[PDB]
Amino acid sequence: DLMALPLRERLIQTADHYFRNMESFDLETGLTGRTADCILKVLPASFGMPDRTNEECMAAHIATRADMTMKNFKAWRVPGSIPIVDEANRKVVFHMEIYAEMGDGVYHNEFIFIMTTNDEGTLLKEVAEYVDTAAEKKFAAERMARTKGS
């Protein structure tokens, strides 16, 4: 039971669940551990990715399913990093790396993630990720030079 956990640990578990969900992702189970109005933010705004609802994130996942296979998604905290928890603000900050096998190659970058939970600290209300814009523009470019469906 999450509510038996100390608030600090509860926030970390609930924030961490985002990466476990992505690691075990199945279209038949969808995005779990989120509030109905949870929003995903992609920083910086200069990258041009608009804020997205649970449903819009689902549509992105469904869309890329048809264009590229995704396998072996892996998320880990950068070694030596510790979760930054602001209990009063229901916020958790991780320093993260994400790995995945996309089509014929490796996706792998480094991120800042900022989670915000509901008042109870049991569901994610907002996910924000600051992204490696040079890497992501390059990935997007190679993606555009690729035949849809491989």
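Each residue number is its position in the shown sequence, starting from 1.
When the mean C-alpha temperature factors of 23-31 and 85-93 are read from the deposited coordinates, 23-31 comes out higher. If you average the C-alpha B-factors over 5-13 and over 128-136, the higher value belongs to 5-13. When the C-alpha B-factors of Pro50, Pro44, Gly103, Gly121 are ranked from the entry, the top spot goes to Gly103. When the C-alpha B factors of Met70, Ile39, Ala36, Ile114 are read from the deposited coordinates, the top value falls at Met70.
Among the modelled residues of its chain, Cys57 has a C-alpha B-factor that falls in the middle third, as given in the PDB entry.
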